[PDB]
Amino acid sequence: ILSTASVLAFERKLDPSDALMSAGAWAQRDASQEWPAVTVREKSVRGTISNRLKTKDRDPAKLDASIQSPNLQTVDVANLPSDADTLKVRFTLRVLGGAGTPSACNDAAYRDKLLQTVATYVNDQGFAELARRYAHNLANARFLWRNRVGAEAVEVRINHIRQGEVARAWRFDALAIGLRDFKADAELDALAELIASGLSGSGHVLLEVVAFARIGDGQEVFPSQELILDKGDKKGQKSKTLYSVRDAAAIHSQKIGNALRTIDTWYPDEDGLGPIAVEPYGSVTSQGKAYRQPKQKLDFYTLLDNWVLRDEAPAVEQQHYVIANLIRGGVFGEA
Amino acid sequence: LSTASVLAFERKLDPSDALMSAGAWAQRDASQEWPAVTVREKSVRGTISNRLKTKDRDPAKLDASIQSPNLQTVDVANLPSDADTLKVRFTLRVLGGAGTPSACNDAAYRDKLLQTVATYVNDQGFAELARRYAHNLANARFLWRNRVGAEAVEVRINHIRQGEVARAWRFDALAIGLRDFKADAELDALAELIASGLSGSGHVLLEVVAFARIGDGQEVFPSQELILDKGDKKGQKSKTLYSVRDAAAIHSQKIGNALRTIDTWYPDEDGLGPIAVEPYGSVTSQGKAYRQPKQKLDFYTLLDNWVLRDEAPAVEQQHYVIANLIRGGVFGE
Amino acid sequence: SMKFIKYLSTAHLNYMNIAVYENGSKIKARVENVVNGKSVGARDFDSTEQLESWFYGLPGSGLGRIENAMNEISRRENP
Amino acid sequence: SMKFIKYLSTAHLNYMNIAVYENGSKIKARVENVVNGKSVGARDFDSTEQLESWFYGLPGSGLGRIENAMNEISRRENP
């Protein structure tokens, strides 16, 4: 008895917003309230056909004509102004809490069995490891994806905002704090306890995160890129398009949300890649590789279906992984 | 006596569409000018997350699915980056005359229904139902997911007698509960205004304004539209949010559903709480229809007992049947 | 048997150009992606003289004219 | 003797859905109005595996796909 629920759904916790980019100078970031926004321009590029050419069945005259001719595109570019070297990135984060309770569930026995399972997990230990690793992903600058690559110094400011007034302020170093090792610190433990009390349901956690990444004058920044379906018959020449808001370049919210949950260090394959993002069938698209494969028994659906139904617990780290997939949210069950 | 082959009831407590706009807390007093929240558009690259059929649990099939694109386009609605609150306003007419059907065949069933609702009203007024509707106006049930995880929520209700406001109320939607029903002076004054409106003894026009301090740039949730993703050119946007001219809106029926969340005597339990008033009273979002017609608590069962056979149910089920008549619907065969 | 002749422009636009094939006594103009050969619309012609009188009759000058050409060919020809 | 199995969707469209009946060793798909049971077109099938390979082979995603299914079944099958 006690089959799986055909409809499961969890709304996400750790809600970010889109991060608006603005540019300015270093050692004036203590008055970085009024810095002008980074604007998305649009330049023209001329290049070559320098891709791997299918020289298996083709006319040689066509291959010679195709690579001796230029290609005349048009791209969107986002640079700093030439009198500024520091990029500012600002977003807000809400930590909701009440992670175990689904927002859609057919069964009433599977639902309260799941609630008792998550209550057992919150009973024998807090959210302390999960919140510690989320506070590590806030403390470094994972959400600065390519903007972190090749920077002199990165500084992350985190404010706890209770009313109009700031309640608690932190200040960090994203290069001293590592990209791969989950070390310890006093203020990392304080931020992790704030995030854990947000996840448990004690208070209302609102966070403002401001990141200063010194790059250089006039260098290119990297907003997230858009999708231009059904415009090849209107525009045609433009190939790259950057995401913006009302006259400011910005990164998407789901990409920062992906950056915050790169926690999974317990996937069975190896350890040379460091942490990966918490996913069902926990996978990386740049690697093209489904780590945490379902023919082994560390898949999220398998661990859920034997830790809720069959009452057999997995190891402690796999329990951390399953509660991380519940904090992530998603459309579970069968689609 | 047999019940009629055609019944109909127009709805009472009919709201308008909400209009969302954003601004600053401690400036909500002067808020007749806030710019409306607009529905913008972003791109999403998804992932493989649904349950595999376990016949496709191969390495190469997962690797091909991860290399496969899952690019989509969705609608989002956010606050501006300097605004931290959400203004939501709508108006509400309270009609009254909540026992007379608007269509009926049998002239005898019509008169029997009239004196049945009349002896309900003579036994007790609309005071308990209007108490519960004043509670669902008092807290912020019409802020569905916007309430969930908010700093502070506040609801302003005005009575509109002419072009000028006559009576005002100022509430606290978080201190006023979501789980039970209580008593207070301004709550009972608003409940008596709604009860005077439901008994045909006046004209009640209420506008309700709610403020929810969320945060800068956070995602508000307008109501989502039904779109059929069929085989057109290259795939369109897969999430359409409802809007009006230059403003993101909540539907009127979503607010009307959040007002009539009253029922606490469906025979399952008191552990869950109040559900919406409905014939075959069904919370479809959790896939379970409470108040099944296999028991003796269905609305059609209570109606056909208490009008035809003149056997009265419990007072709580009388409140349920009169809330169903206030709801409106297509009744009869 | 479709022997390649020439591309219709000096420069490619967005990896897109117009290739010219000799299809028997006729002549073909395909709107092709140059890196993988995916055609998105072709049109039959017979003589290169009338093809050039059609192409130089299009409004525009250069890459705008071949933009007009690819927009003309890339829509479905009406019955 | 036509035992009910399931509806083919999670949501009804316009009080219309597709019910699934087990008709012997075959299997039935009826386009039914859910409130009164009036069928407006059915189609015979044999296995649930080929029925799902037919249904997931239809163009669309979700209610658009079952709109395609009801438009396909609701026309008269040609001789």
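Each answer follows from the model by the rule given with it, or from the source it names; these are not laboratory values. All Cβ positions, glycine included, derive from the backbone under ideal geometry; neighbour counts span all protein chains shown.
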**Complete:** Taking the range C:5-19 and keeping only residues that are among the hydrophobic types (A, V, I, L, M, F, W, C) and either surrounded by fewer than 19 Cβ atoms within 10 Å (Cβ to Cβ) or part of a loop (DSSP other than H, G, I, E, B) (or both), one is left with C:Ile5, C:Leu8, C:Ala11, C:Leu13
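Name the residue, out of A:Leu93, A:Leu14, A:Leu20, that is in contact (Cβ under 8 Å) with a residue 24 or more places away in the chain and on the phi > 0 side of the Ramachandran plot.
Going through A:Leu93, A:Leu14, A:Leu20 in turn, just one is in contact (Cβ under 8 Å) with a residue 24 or more places away in the chain and on the phi > 0 side of the Ramachandran plot: A:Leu14.
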**Criterion violated by B:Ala323 - all others in (1) of a type in the set (A, V, I, L, M); (2) crowded, with 16+ Cβ neighbours inside 10 Å; (3) in the same structural domain as B:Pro80 (by CATH) satisfied** = (3)
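Take the residues in the range C:60-74 that are more than 11 Å from the chain's Cα centre (by Cα), within 11 Å of chain A (Cβ to nearest Cβ) and within 18 Å of C:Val20 (Cα to Cα); name whichever of them is surrounded by the most Cβ atoms within 10 Å (Cβ to Cβ).
First, the residues of the range C:60-74 that are more than 11 Å from the chain's Cα centre (by Cα): C:60-65.
Filter once more, keeping what is within 11 Å of chain A (Cβ to nearest Cβ): C:62-64.
Checking the rest, the ones that are also within 18 Å of C:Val20 (Cα to Cα) come to C:62-63.
On the way: C:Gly62: 11, C:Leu63: 16.
So the residue we want is C:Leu63.
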**Message:** Just checking, does the range A:71-84 include any residue being assigned to a strand (DSSP E or B), within 14 Å of chain B (Cβ to nearest Cβ) and not basic (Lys, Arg)?
**Reply:** yes
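Looking at B:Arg147, B:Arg131, which is the one that is among the basic types (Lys, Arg), closer than 30 Å to B:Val220 by Cα and in contact with a strand residue (DSSP E or B) (Cβ under 9 Å, 6 or more places away or on another chain)?
Values: B:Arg131 fails: in contact with a strand residue (DSSP E or B) (Cβ under 9 Å, 6 or more places away or on another chain).
Selected residue: B:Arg147, the only one of B:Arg147, B:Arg131 that is among the basic types (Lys, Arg), closer than 30 Å to B:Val220 by Cα and in contact with a strand residue (DSSP E or B) (Cβ under 9 Å, 6 or more places away or on another chain).
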**Complete:** Within the range A:121-149, restricting to residues that are more than 19 Å from A:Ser202 (Cβ to Cβ) and free of Cβ contacts under 8 Å to residues at least 40 places away in the same chain, the one that is surrounded by the fewest Cβ atoms within 10 Å (Cβ to Cβ) is A:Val149
**Prompt:** What number of residues within the range A:165-205 satisfy the criterion of being part of a loop (DSSP other than H, G, I, E, B), under 28 Å from A:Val118 (Cα atoms) and aliphatic (A, V, I, L, M)?
**Reply:** 1
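Hey, can you tell me all the residues within the range A:55-78 that are of a type in the set (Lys, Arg) and surrounded by fewer than 17 Cβ atoms within 10 Å (Cβ to Cβ)? I'd like the intermediate steps shown before the answer.
Pass one, the range A:55-78, residues of a type in the set (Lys, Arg): A:56, A:58, A:62.
Within the range A:55-78, A:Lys56, A:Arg58 qualify.
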**Request:** Scan the range D:11-42 for residues that are in contact with an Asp or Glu (Cβ under 7 Å, 6 or more places away or on another chain), of a type in the set (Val, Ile, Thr) and within 14 Å of D:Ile66 (Cβ to Cβ) and report the count.
**Result:** 0
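Filter the range A:46-70 down to residues that are β-branched (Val, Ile, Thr) and within 11 Å of chain C (Cβ to nearest Cβ) and give me whichever is nearest to C:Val35 (Cα to Cα). Spell out how you get there, then give the answer.
Taking the range A:46-70 as the starting set, the residues that turn out to be β-branched (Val, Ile, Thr) are A:48-49, A:55, A:67.
Okay, now just the ones that are also within 11 Å of chain C (Cβ to nearest Cβ), so A:48-49, A:67.
Numbers: A:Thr48: 11, A:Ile49: 8, A:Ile67: 10 Å.
Here the answer is A:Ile49.
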**Asked** So which of A:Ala104, A:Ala5 ends up being within 14 Å of chain B (Cβ to nearest Cβ), surrounded by 19 or more Cβ atoms within 10 Å (Cβ to Cβ), within 30 Å of the chain's Cα centre (by Cα) and within 30 Å of B:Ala289 (Cβ to Cβ)?
**Response** A:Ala5
**Prompt:** Among the residues of the range B:45-78, which ones are under 30 Å from B:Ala247 (Cβ atoms) and basic (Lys, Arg)?
**Reply:** B:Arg45
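So, of the residues in the range A:88-101 that are of a type outside the set (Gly, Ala, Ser) and assigned to a loop (DSSP other than H, G, I, E, B), which turns out to be surrounded by the fewest Cβ atoms within 10 Å (Cβ to Cβ)? I'd like the intermediate steps shown before the answer.
Within the range A:88-101, the first condition is being of a type outside the set (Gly, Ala, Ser), and the residues that meet it are A:88-96, A:101.
Within this subset, residues satisfying the condition of being assigned to a loop (DSSP other than H, G, I, E, B) are A:96, A:101.
Working: A:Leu96: 19, A:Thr101: 13.
Looking at residues that are of a type outside the set (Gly, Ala, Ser) and assigned to a loop (DSSP other than H, G, I, E, B), I get A:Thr101.
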**Message:** Can you pull out every residue in the range A:1-17 that is touching a strand residue (DSSP E or B) at 6+ places or on another chain (Cβ under 9 Å) and of a type outside the set (D, E, K, R)?
**Reply:** A:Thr4, A:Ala5, A:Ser6, A:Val7, A:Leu8, A:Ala9, A:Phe10, A:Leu14, A:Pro16, A:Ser17
**Fill in**
The helices (runs of 4 or more DSSP H) lying entirely within the range A:232-335 that contain at least 1 residues which are in contact with a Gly (Cβ under 7 Å, 6 or more places away or on another chain) are A:316-328
**Asked** Do you know which of the residues in the range A:248-266 that are more than 12 Å from every other protein chain (Cβ to nearest Cβ) and surrounded by fewer than 19 Cβ atoms within 10 Å (Cβ to Cβ) is nearest to A:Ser17 (Cα to Cα)?
**Response** A:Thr265
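Which residue out of B:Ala173, B:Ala191, B:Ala152 is surrounded by 15 or more Cβ atoms within 10 Å (Cβ to Cβ), in contact with a helix residue (DSSP H, G or I) (Cβ under 6 Å, 6 or more places away or on another chain) and of a type outside the set (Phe, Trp, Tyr)?
Numbers: B:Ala173 fails: in contact with a helix residue (DSSP H, G or I) (Cβ under 6 Å, 6 or more places away or on another chain); B:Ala152 fails: in contact with a helix residue (DSSP H, G or I) (Cβ under 6 Å, 6 or more places away or on another chain).
Going through B:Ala173, B:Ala191, B:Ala152 in turn, the sole match is B:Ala191.
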**Message:** With closer than 19 Å to A:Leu260 by Cβ and either among the acidic types (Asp, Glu) or within 14 Å of another protein chain (Cβ to nearest Cβ) (or both) as the only criterion, which of A:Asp181, A:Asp233, A:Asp217 stands out?
**Reply:** A:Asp181
**Request:** Go through the range A:93-107 and count every residue that is over 24 Å from A:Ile256 (Cβ atoms) and hydroxyl-bearing (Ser, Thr, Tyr).
**Result:** 1
**Asked** What number of residues within the range B:277-333 are within 14 Å of chain A (Cβ to nearest Cβ) and either among the hydrophobic types (A, V, I, L, M, F, W, C) or touching a residue at least 40 places away in the same chain (Cβ under 8 Å) (or both)?
**Response** 2
**Filter result for the condition that a residue is within 30 Å of B:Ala22 (Cα to Cα) and more than 14 Å from chain D (Cβ to nearest Cβ), over B:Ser238, B:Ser199, B:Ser223** = B:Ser223
**Message:** Among (1) buried (at least 18 other Cβ atoms within 10 Å of the Cβ); (2) in contact with a helix residue (DSSP H, G or I) (Cβ under 9 Å, 6 or more places away or on another chain); (3) under 27 Å from B:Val37 (Cα atoms), there is one condition B:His159 misses while meeting the rest; what is its number?
**Reply:** (1)
**Request:** Those residues that are without any contact (Cβ under 8 Å) to a residue 24 or more places away in the chain and of a type in the set (A, V, I, L, M, F, W, C), I need them from the range A:176-203; list them, please.
**Result:** A:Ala176, A:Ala184, A:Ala186, A:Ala190
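Can you name the residue in the range A:206-231 that is part of a loop (DSSP other than H, G, I, E, B) and polar (S, T, N, Q) and, of all such residues, is farthest from A:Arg46 (Cα to Cα)?
Initially, the range A:206-231 is screened for residues part of a loop (DSSP other than H, G, I, E, B), giving A:215-219, A:221-224, A:226-231.
Subset that is polar (S, T, N, Q): A:219, A:224.
Values: A:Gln219: 20, A:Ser224: 23 Å.
Here the answer is A:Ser224.
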**Prompt:** Is there a residue in the range C:27-45 that is part of a helix (DSSP H, G or I), closer than 22 Å to A:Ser44 by Cβ and facing another protein chain (nearest Cβ under 10 Å)?
**Reply:** no
